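Below is one structure, written out as structure tokens; comments come after it.
Protein chains: 4
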Amino acid sequence: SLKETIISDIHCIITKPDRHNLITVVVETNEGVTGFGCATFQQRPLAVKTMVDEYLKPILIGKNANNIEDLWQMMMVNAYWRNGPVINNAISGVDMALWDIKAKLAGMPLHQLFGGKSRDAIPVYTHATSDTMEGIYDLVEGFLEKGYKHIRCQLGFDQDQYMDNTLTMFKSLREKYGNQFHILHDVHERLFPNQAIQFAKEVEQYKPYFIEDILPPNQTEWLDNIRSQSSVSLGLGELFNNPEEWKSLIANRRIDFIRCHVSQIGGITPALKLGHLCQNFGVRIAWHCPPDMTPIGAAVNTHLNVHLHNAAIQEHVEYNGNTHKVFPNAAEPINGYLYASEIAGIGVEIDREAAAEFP
Amino acid sequence: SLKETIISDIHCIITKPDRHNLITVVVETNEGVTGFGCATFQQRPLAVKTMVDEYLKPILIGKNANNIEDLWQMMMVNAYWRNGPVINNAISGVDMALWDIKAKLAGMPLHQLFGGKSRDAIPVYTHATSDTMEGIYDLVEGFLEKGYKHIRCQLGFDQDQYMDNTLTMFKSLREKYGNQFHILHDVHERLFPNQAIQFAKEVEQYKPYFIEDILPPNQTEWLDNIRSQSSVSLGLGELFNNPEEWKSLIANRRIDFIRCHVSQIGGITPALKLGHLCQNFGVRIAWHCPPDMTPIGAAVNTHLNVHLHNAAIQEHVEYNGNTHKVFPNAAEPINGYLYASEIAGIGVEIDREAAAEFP
Amino acid sequence: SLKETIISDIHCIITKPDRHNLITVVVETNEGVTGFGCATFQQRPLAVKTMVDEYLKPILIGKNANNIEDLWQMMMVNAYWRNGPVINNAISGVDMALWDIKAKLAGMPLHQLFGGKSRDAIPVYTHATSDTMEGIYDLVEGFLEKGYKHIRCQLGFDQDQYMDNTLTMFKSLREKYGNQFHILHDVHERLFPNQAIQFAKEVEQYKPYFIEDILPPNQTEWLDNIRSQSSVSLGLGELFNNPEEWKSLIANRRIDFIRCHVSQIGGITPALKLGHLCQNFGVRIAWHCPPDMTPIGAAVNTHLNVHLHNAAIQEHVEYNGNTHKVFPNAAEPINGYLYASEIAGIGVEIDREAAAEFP
Amino acid sequence: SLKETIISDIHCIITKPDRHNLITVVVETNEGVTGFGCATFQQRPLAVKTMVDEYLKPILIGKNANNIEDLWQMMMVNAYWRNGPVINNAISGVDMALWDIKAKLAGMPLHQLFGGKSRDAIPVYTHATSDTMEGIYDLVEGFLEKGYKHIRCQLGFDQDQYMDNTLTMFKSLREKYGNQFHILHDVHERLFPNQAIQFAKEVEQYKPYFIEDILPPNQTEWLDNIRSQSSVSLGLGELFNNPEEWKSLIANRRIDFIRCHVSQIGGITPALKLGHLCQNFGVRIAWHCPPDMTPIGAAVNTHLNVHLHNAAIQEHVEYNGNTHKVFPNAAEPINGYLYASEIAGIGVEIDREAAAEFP
Ligand code: NA
Ligand code: NA
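Note that the protein sequences, when read in sequence, are chains V, L, B and A. Just so you know, we're using my numbering here: the first sequence kicks off at 1 and counts up by one. Just so you know, we're using my numbering here: the second sequence kicks off at 1 and counts up by one. Just so you know, we're using my numbering here: the third sequence kicks off at 1 and counts up by one. Just so you know, we're using my numbering here: the fourth sequence kicks off at 1 and counts up by one.
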């Protein structure tokens, strides 16, 4: 007894209440049921907006929003060339908006629409980056006081100096805090493969929650060398926009955490399927939630994270007063956990007037 | 703005309006929102009913029906020993009922709840089994007249005689009908592996839609021998109740169609994830719909089949007048296609009074 | 000069002399030669009994008990759907009873019928589970005093706390007792695969006899990661009911001990063949003997364990006075060893009157 | 209630009632229960007899015959060097005799002791060898008239001429007899691997029951080349005496029929386990029964062949009147099938007086 949901208009609002350009996609329908979605391309806000305004919107107006995957498949192949940061982001904002419409139509929280909760809340990790161990302590202790139990620690913001200081960082952190928290670290592709394998063996004893981006970006074939000699947990996927980047990685158990950005791989639609894939292959899920993701994206990740069986942790995003003003009711971690929204829909929208104040 | 959905009661109704014992699971809730699900174990109707009545129902009463996967995971591990025909069927009827409740709560067709249609309808295949080619012609032509374009053909209802007659069947069917329809065939595990490989090479030229169960049941390792020499399309999975039976099969591209029964693998919850898995690995989907599946199961398969990207075809089930009476509004193929129900929920229930007439 | 042995009746007696529902299957024959077998499904006693009473017994009455594997193959495929906890248990009680009849007919101990002893007795392991190291010491020392040389030790009856305490348990046990006994530990599938590999490397130095269930249940593919980096001995198979669960595991040397329950995989008939398979591939055998296995099952495991070349150890089961009363002559470990029965048959039966006292 | 069975004496009788030296091993016991076994080494009758007389018999006298595998393992490693034609044959005669004793003790047919029949009888194949097609027809038609449905056909008793004539033989046989019988062929290792692969592809269309010994004897690695391009069924194992010869062959599905001689691999004890192994891996069983196997060996193969699930066919052995005289009650094929003996024991012994007449 759901009737066709006809797409009447599409907007793409960029706003700068804080450090970053924030991109919201707005899908309006004849019923006056409105959907909101998040795109995130700060280095390139304008490319995304053009892609939505005069390429996505023409092929969407008039369409039945009810059939989300149909509309997904159609957008994804429309330019013929496909898979990249600009297109997937644009499509992801619409995909998210379509899911939002469906959940409002269903009168339910987005994660309930998916099928319900696997857990009550998702743990959160924060970022401690400093040039000195003193600075990292200062930051760690403040996060501890707030209930966080996972913290990404980066000492220093040549390759040998970085590897040496980082092992010293892991060593001092275990000496000072033992097992009070899990320690995450992103290598940011700074190592040659031989250096990567060496570092994986040396850092193993310190039991990182995961080491992210330990290899240069098209050298994943070197993972088998690492995984045959080290038990170190590994995350990859942050810059992926293309299934070829994650398919063999996961089928071959070459990583422990997938770290894709939901908007970079095309939205909720592909995120659910990749979530199920991860569960099949025993890989955990830690989607990125960067500084320029809006409270709308973050709310979507929390819905994903209480629903998907293999979701492990959500990445923290601050929000200043401006941002909370532009996106009302944006949840914040309580004792180190993010709670899914409980009203119908995504549960967070953008205040268009407020977003005006901040062009 | 969905509130807890509290499970108030659970029933398991068996009925014999026709050839088979039909098993319906009924989940009632405080809101008076009622869910219906299908279990199918004709050789063993009673085992399923005991499993539901005094093992499932105790651990379910009081629970929040909203969290379907939570309740799935819990039922699946509850007996500690797990995965088999009796338990998965029992759990599948409840799983299906929980999905039904959620879709009614959402005021939407079950497949809309999933995320919408990938296609308008799913094609249907029928069964032509006879002891003589004359009998098979007679049956094929009646199906053709009704718009069917896929037909499973079985000539004869020793191994060498069966292999010889079957190749003769494929050969005569192509001579008589050319490409007017797709031809399916189930080998039913009747061949030794060496005979299987020989038959796969010989039948290739006749281009079956798929050959089902070509190997003895724990000899899937012989598939690589077949797939390195023959292009014949292969289906397996009919008797699977255990992920170990399908995980390596699909990851290694050893089959072309998965043929599991949705109720044997535990319900809609695992069916969606296996559907996504099949899409990832390029394997198509043809769930079994046996003679003792009710119109409730069949309606669920059609919802699955218009929604999941890789769904290929639905297996036909007759329904006599009795059965239509016990389960009102059960769809029937139109010009060789089954159309998903469009009212809220699964769209088919059981008339409890009518089911009374047929114990 | 053996004549047909005609099956005249079949019973399934459940009894609760102690903690658990105990299930005995009884096969009677025209000659008045009676067989006894054990089914074990405590979470689900009733499902098994229904399966025996009105599904197994009809297809068995009149049949020639002499042809055990014929009757095995026939029961196993009879429901068409196959392999699960309820059916295999039911079939296993009958299979065991058929073997019992044959051994009485032969006037010999069951293990002699198989072909004789490989060893004089099988060692036994016991269970020390407590919340504190003090409690585990207390329990270990009592087992030591009784001659046991293998003990499964469980400290605590989050994942990080469990892994930490368990390594502390292994470490304190080696410090206190050195090599006075072998230490077994069941991880019970509580770890993610990355945590499993880490734990396997860390626990290696303490030389467990085996670590059981170290992975989540459908993640055995992660075993190669473990086995390429750690020498830790591994057991799996406790919940298996399906050859697909053990075939590739053993052929690829992915475990060191098979831990299936003889009743869950269908009886003595499949146990002998899996025993031979284990010998071929260099895998040792440690069938489960849970708290609800009867003295009849236990006697069968001891016959299996003195006969099969690769049998390594038998799991201990208590028996209170009630149980000994219901099943007379049930052997008990002497100086840490179980001795096979030496009278004709299995050597243990059920006292039907006594089983009456305890419904 | 079986008591120790004490070995009192051991004999090895050679006899030449026909073409071949026939070797029977005799195990006597204090109870006066006597066992008979078959060794077959015609090229070397005397080596076997020495091995039994003054190496086996000393380590056997006094021993408990009840524990067959214990005594097997002990004999097999006794010389320290192990596995070859002379030792395994000697040990096989004793192993067979020990099984014979056990079956008489049990008052049952040997195959009943094993666990019963899988089938009522085993089909038989015969040998048609001639230098001309006329000669092969003559022979085939006589076998057909007698009810045989499987015949090994050899045309000619250089490599290119042999390959050419053999394909011509297969072609003419299909033209003349179509599918009236199965056609077996032994290549006898006469081909280089490249010629083997070519022949396997060319002979495929004629559907041999199997092609035996298609490769030179230590070139089994070339099997993967064949099996990736041809469906031709393959048998190997005739000269095997060493598990290394069959273990990887079967685990990797590189053959379809195992063709070992039971006496060459050490007796019934290893034959049962290899039978179970074959079943696991989907390989069928066709033990050799050469012209110098006695009616005692043949009776043992028939017991093996009605019992083991994967047994496919038994090789024919004539017996002239002399031989029937030396070994009374030796079964003969009826309408192309051999029937297992139904009296207690193996069911065939040697008449020592009669064997006297024929030194
Ligand atoms: Na290694
Ligand atoms: Na090929």
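Every residue, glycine too, gets a C-beta built ideally from N, C-alpha and C.
Beta-carbon to beta-carbon, residue 85 of chain L and residue 241 of chain L are separated by about 6 Å, close enough to satisfy the 8 Å threshold. Listed along chain V are 233 and 256, each with a C-beta nearer than 7 Å to that of residue 194 of chain B.
Legend: CB atoms of the region 225–249 of chain B lying less than 8 Å from CB atoms of chain V belong to residues 225, 228 and 229. Looking from the CA of residue 8 of chain L, the closest CA among L:318, L:332, L:29 and L:37 belongs to L:29. A Cβ of chain A is located within less than 8 Å of the beta carbon of residue 221 of chain L.
Residue 22 of chain L and residue 209 of chain V have their C-alpha atoms some 50 Å from each other. Straight across, the Cα-Cα distance linking residue 202 of chain B with residue 167 of chain B is about 8 Å. If you ignore the 5 residues before and after residue 226 of chain A, its C-beta comes within less than 6 Å of the C-beta of 197 and 200, all in its own chain and listed in chain order. Comparing C-alpha distances from residue 349 of chain V to each of V:78, V:38 and V:61 shows the shortest one belongs to V:38. Residue environment analysis places residue 77 of chain A among the exposed positions, since fewer than 16 neighbouring C-beta atoms fall within 10 angstroms of its C-beta. Taking the Cα positions, residue 143 of chain B is about 27 Å away from residue 16 of chain B. Residue 165 of chain V is a Cβ neighbour of residue 156 of chain V, given a cutoff of 8 Å.
Residue state for residue 257 of chain V is assigned as strand, using DSSP reduced to three classes.
Residue contact check for residue 73 of chain L against chain B: no CB pair falls below 8 Å. Set against 7 Å, the gap from the CB of residue 229 of chain A to the closest heavy atom of ligand 2 is smaller. Runs of beta strand (DSSP E) with 3 or more residues, each lying fully within the region 199–260 of chain L, are found at 210–212 and 234–236, listed in chain order. A straight line joining the alpha-carbon of residue 337 of chain A with that of residue 235 of chain B spans about 45 Å.
Counting only the Cα atoms, residue 112 of chain V lies some 14 Å from residue 121 of chain V. Assignment of residue 73 of chain V by DSSP, reduced to helix, strand and coil, places it in the helix class. In the structure shown, residue 4 of chain V falls within a coil segment according to DSSP collapsed to helix, strand and coil. By the Cβ rule, the region 264–280 of chain L counts as touching the region 305–325 of chain L, because three or more pairs are nearer than 8 Å. Among the CB atoms of chain B, one or more fall inside 8 Å of the CB of residue 207 of chain V. Residue pairing by DSSP leaves residue 326 of chain A without any beta bridge partner. Taking a Cβ-Cβ threshold of 9 Å, none of the residues of chain L is close to residue 259 of chain A; the smallest such distance is about 14 Å. In the displayed model, residue 111 of chain L falls within a helix according to three-state DSSP. For the region 77–90 of chain B, the set of residues with a beta-carbon nearer than 8 Å to any beta-carbon of chain L comprises 78, 79, 80, 81, 82, 83, 84, 85, 86, 87 and 88, in chain order. Looking at the backbone, the Cα of residue 272 of chain B and that of residue 266 of chain B are separated by about 11 Å.
Around the beta carbon of residue 10 of chain L, 16 or more other beta carbons sit within 10 angstroms, so the residue counts as buried. The DSSP-derived three-state label of residue 134 of chain B is helix. Residues of chain B whose Cβ lies closer than 8 Å to the Cβ of residue 113 of chain A are, in chain order, 106 and 113. Using a Cβ distance threshold of 8 Å, residue 97 of chain A and residue 25 of chain A count as a contacting pair. DSSP lists no bridge partner for residue 178 of chain A. With respect to chain A, the C-beta atom of residue 303 of chain B has no partner C-beta closer than 8 Å. 8 Å or more divides the Cβ of residue 340 of chain A from the Cβ of residue 312 of chain A.
Cβ-Cβ distances below 8 Å link residue 103 of chain A to 109, 110, 112, 113, 344, 345 and 346 in the same chain, with the five nearest sequence neighbours on each side left out; the list follows chain order.
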